[PDB]
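All remarks here apply to the structure that follows.
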Amino acid sequence: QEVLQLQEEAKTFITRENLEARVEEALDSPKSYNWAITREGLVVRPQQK
Amino acid sequence: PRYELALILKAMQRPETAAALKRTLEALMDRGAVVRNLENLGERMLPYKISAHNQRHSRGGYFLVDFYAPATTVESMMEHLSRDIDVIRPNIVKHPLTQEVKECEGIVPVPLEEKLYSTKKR
Amino acid sequence: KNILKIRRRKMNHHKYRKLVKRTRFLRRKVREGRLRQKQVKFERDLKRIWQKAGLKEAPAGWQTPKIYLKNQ
Amino acid sequence: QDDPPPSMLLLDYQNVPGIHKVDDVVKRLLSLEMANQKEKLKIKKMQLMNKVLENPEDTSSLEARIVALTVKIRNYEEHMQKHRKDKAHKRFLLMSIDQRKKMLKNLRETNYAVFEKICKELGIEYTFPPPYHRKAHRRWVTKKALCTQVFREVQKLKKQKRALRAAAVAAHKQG
RNA sequence: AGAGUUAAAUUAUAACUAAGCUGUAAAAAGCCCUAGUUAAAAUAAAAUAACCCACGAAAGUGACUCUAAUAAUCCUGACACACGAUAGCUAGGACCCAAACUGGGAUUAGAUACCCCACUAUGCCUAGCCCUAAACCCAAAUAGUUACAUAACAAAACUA
Ligand SMILES: [Mg+2]
Ligand SMILES: [Mg+2]
Ligand SMILES: [Mg+2]
Ligand SMILES: [Mg+2]
Ligand SMILES: [Mg+2]
Ligand SMILES: [Mg+2]
Ligand SMILES: [Mg+2]
Ligand SMILES: [Mg+2]
Ligand SMILES: [Mg+2]
Ligand SMILES: [Mg+2]
Ligand SMILES: [Mg+2]
Ligand SMILES: [Mg+2]
Ligand SMILES: [Mg+2]
Ligand SMILES: [Mg+2]
Ligand SMILES: [Mg+2]
Ligand SMILES: [Mg+2]
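Protein chains in written order, with our numbering: chain A, 1 to 49; chain B, 1001 to 1122; chain C, 2001 to 2072; chain D, 3001 to 3175.
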């Protein structure tokens, strides 16, 4: 399973060709790692702003 | 994903940023690394003022680079990012997705401790 | 309680250290003397050995190093 | 020194089917190339336990333990060559060496054929402990050196005296 | 153990502004090349988390990152082997701040002290020594039991 999984993920890695495209791609798409918790044990996410 | 590169870049325009990211990743692939992904956490005001390369910096761009690399080479990449004048501050952490979460089964309550003293009648 | 014992030793030690300070170069002299003596008794022990083995001179190339008189 | 080649494809992924059909990149991520040091130790351990042993399946056997411990020891050696002043690992090394040796002295007393083989294969050399551990100090070292030189002189002189005796008595007996 | 890094302080050093600043139970001496604010390398030391109790054989270890890594299919065992807080020694480098010593100021009958100010060896790094601590949890290691059973106090009593 691990080898197959990595076999899949490898399609997506950054290479000498993808460099130009991928970089310009990532410069377009900001991501957040941010989220908060509630006293209940619940996750709260910011993107609803 | 094996290592995580936390890059804080000097805040600049589009092309120059793109250039810095490109040359950085290239250096990574030359130290033998395989780069999985490139993430952009945006540009913000830095939490405190960061002094690097005879500049006192206020804002910065934030990036993550997940990559696999031979253990030997972290020192090398580190050296390289050190002397790049476009990097506000570099760091390389073991990728947080390698460590996996064990299960808090819960909080085992601890009883008050007993027999700390003898049965003497004062 | 127990300190009375400690106190005693404490005093003893102090008084003795004091004394080593006063008596110092006297002590130096006596220890250097004992070291010479030691070296000598050692040489005699060796000489005694090669003689009781019937030899006249010490065996070829034997210098009998100075171990105790070794420079501080 | 041995060389578990960079491309060697770590222990756990060696026997999974059709591995060799996978593209260069994944093969590369499963290599000893991207590996830890601990993976190179796993490999080294397997390889040694295959060269040296008889039944690589028994972890329990004395011989097996000796091989394993020997891998660990060679590893501390490497580490100690890089860090001279780490006293903690010096401890592990000296200690773990004593354990090896204890086990060897236990093989030699039980299965000798195997012990013989192991010592040959791992290049370990088994020395008997001395009787009397005493610190050789300046006085004793010197005196003993003297006593040995004295002895060598004396018996050489008895040899010369017997040469003179033989020559004299022979040249007398002839005429 | 290595290598890399630095948030809060602190300081060289300028720029303004003020005549004082520092210091005590209270003063004096010191400093005014001082003080407050604004800027700042190096050095050293690691708030909070910790009401946690982990790692290491012990001494010890609680800023961050990576590399290497924590003997034994696990009984006891030296005078043998390898370590070992602080202080101290040798050599080279560092020096913010602390500080034995010493010099000033008080205090006092005296004050070679406690209190105030300066400053040094030293605390730091590299390399080598030194091998000592109330190195004490004053409770040896390894297996066990809670039976019999209170000198006192303390951390209950005991077997092999
Ligand atoms: Mg007395
Ligand atoms: Mg300076
Ligand atoms: Mg005055
Ligand atoms: Mg801290
Ligand atoms: Mg263990
Ligand atoms: Mg033992
Ligand atoms: Mg010491
Ligand atoms: Mg020292
Ligand atoms: Mg010095
Ligand atoms: Mg100084
Ligand atoms: Mg001071
Ligand atoms: Mg005085
Ligand atoms: Mg060092
Ligand atoms: Mg202690
Ligand atoms: Mg004791
Ligand atoms: Mg014991």
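From the three backbone atoms N, C-alpha and C, an ideal C-beta is built for every residue, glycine too.
- Chain-ordered, the chain B residues with CB closer than 9 Å to the CB of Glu3033 (chain D) read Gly1032 and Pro1070.
- Contact annotation: in the stretch 3037–3063 of chain D, no residue has its CB less than 8 Å from a CB in chain A.
- Cα atoms of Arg2034 (chain C) and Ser1118 (chain B): separation of roughly 60 Å, rounded to the nearest angstrom.
- An exposed status is given to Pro3006 (chain D), since fewer than 16 other beta-carbon atoms sit within 10 Å of its beta-carbon.
- According to the DSSP assignment, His3089 (chain D) belongs to the alpha helix (DSSP H) that extends over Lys3087 to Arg3108.
- Looking from the CA of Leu19 (chain A), the closest CA among B:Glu1026, B:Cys1104 and B:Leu1007 belongs to B:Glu1026.
- Chain order gives the chain A residues near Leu3029 (chain D) as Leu6 and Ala10, where near means a beta carbon separation below 9 Å.
- Annotation for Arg2008 (chain C) indicates a beta carbon within 7 Å of some heavy atom of ligand 1.
- At a cut-off of 8 Å between C-beta atoms, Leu1097 (chain B) does not count as an interface residue with respect to chain A.
- Of the other Cβ atoms in all chains shown, 16 or more fall within 10 Å of the Cβ of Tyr1003 (chain B); this residue is therefore buried.
- Remark: fewer than three beta-carbon pairs, one from each stretch, lie closer than 8 Å, so the stretch 3094–3110 of chain D and the stretch 3035–3050 of chain D are not flagged as touching.
- With fewer than 16 other Cβ atoms inside 10 Å of its own Cβ, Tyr2016 (chain C) counts as exposed.
- In this structure, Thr3148 (chain D) and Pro2065 (chain C) do not form a Cβ contact; the two beta carbons are roughly 15 Å apart against a cut-off of 8 Å.
- Proximity of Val3025 (chain D) to chain B, defined by a Cβ-Cβ separation below 8 Å, is satisfied.
- DSSP, reduced to helix, strand and coil, places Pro1090 (chain B) within a strand of the structure shown.
- Listed along the chain, the chain D residues whose CB falls inside 8 Å of the CB of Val3 (chain A) are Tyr3013, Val3016, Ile3019, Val3022, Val3026 and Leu3030.
- Contact between the stretch 1043–1060 of chain B and the stretch 1081–1100 of chain B is present: three or more C-beta pairs spanning the two stretches fall below 8 Å.
- Between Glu1016 (chain B) and the set B:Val1034, B:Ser1076, B:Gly1061 and B:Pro1047, the nearest pair of CA atoms involves B:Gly1061.
- Taking a Cβ-Cβ threshold of 8 Å, the residues of chain B close to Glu24 (chain A) are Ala1018, in chain order.
- For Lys3144 (chain D), none of the residues of chain C pass the 7 Å Cβ criterion, the least Cβ distance being about 11 Å.
- If you compare the alpha carbons of A:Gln1, A:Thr15 and A:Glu40 with that of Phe1067 (chain B), the shortest gap goes to A:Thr15.
- Collapsing the DSSP output to three states places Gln1055 (chain B) in a strand.
- Within the stretch 3002–3036 of chain D, complete alpha helix (DSSP H) segments of at least 4 residues are found at 3024–3029, given in chain order.
- If you draw a 10 Å sphere on the C-beta of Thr3070 (chain D), you find 16 or more other C-beta atoms in it, and that means buried.
- The stretch 1065–1081 of chain B and the stretch 1004–1012 of chain B touch, with three or more beta-carbon pairs separated by less than 8 Å.
- Counting along the chain, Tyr3112 (chain D) sits inside the alpha helix (DSSP H) bounded by residues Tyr3112 to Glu3121.
- According to the DSSP secondary-structure assignment, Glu1105 (chain B) is paired through a beta bridge with no residue.
- Taking C-beta atoms as the reference points, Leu3146 (chain D) and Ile2049 (chain C) count as a pair closer than 8 Å.
- By the neighbour-count criterion, in which 16 or more other beta carbons inside 10 Å mark a residue as buried, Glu3153 (chain D) falls on the buried side.
- Note on geometry: alpha-carbon atoms of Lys1010 (chain B) and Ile1050 (chain B) lie some 10 Å from one another.
- Between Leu3164 (chain D) and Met3103 (chain D) a beta carbon distance of about 57 Å is seen, past the 8 Å cut, so the two are scored as non-contacting.
- Between the stretch 20–38 of chain A and the stretch 1029–1041 of chain B there are three or more inter-stretch CB-CB distances shorter than 8 Å, so the stretches are counted as touching.
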